[PDB]
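Inspection log for the structure reproduced underneath, given as structure tokens.
Here the Cβ is made from the backbone with ideal geometry for all residues, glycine too, and neighbour counts use every protein chain on show. Read-outs throughout are calculated quantities, based only on the coordinates presented, and are distinct from any laboratory measurement.
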Amino acid sequence: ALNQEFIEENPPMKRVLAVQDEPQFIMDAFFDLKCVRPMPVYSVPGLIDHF
Amino acid sequence: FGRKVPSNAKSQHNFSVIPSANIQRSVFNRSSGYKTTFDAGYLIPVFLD
């Protein structure tokens, strides 16, 4: 029927894969952020009246 | 075959570097007089700082 079970992505990976009962994808990901932030790059303790 | 992804090890190392101390150097004259009596052949310590 045209419903939730029909439109949700559900490819039959279990039949095209040689090894049974292990996760389909193993992934390594790396996130390289350049950040400008409202804080110093290293904070030294001190400066009581300041900020 | 695939290409390897980087490690974060270099950015983690950089966050651990402490900043240099700000020293506040200055130049001034440290003149001093010293007066004494001594005899020949001895090593006399006339200046100490």
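Here are a few things to note about the model shown:
- Some residue of the range A:29-37 being away from chain B (no Cβ under 14 Å) and either part of a loop (DSSP other than H, G, I, E, B) or touching a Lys or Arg at 6+ places or on another chain (Cβ under 9 Å) (or both): yes
- Residue match in the range B:23-33 (condition: surrounded by fewer than 10 Cβ atoms within 10 Å (Cβ to Cβ) and either within 14 Å of chain A (Cβ to nearest Cβ) or under 24 Å from A:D28 (Cβ atoms) (or both)): no
- B:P45 surrounded by 10 or more Cβ atoms within 10 Å (Cβ to Cβ) and either over 28 Å from the mean Cα position of the chain (by Cα) or part of a loop (DSSP other than H, G, I, E, B) (or both): no
- Considering residues of the range B:1-22 that are within 29 Å of A:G46 (Cβ to Cβ), of a type outside the set (K, R) and more than 9 Å from chain A (Cβ to nearest Cβ) only, the residue farthest from the chain's Cα centre (by Cα): B:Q12
- Leading residue by the ranking (surrounded by the fewest Cβ atoms within 10 Å (Cβ to Cβ)) among those in chain A that are more than 30 Å from B:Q12 (Cα to Cα) and of a type in the set (V, I, T): A:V19
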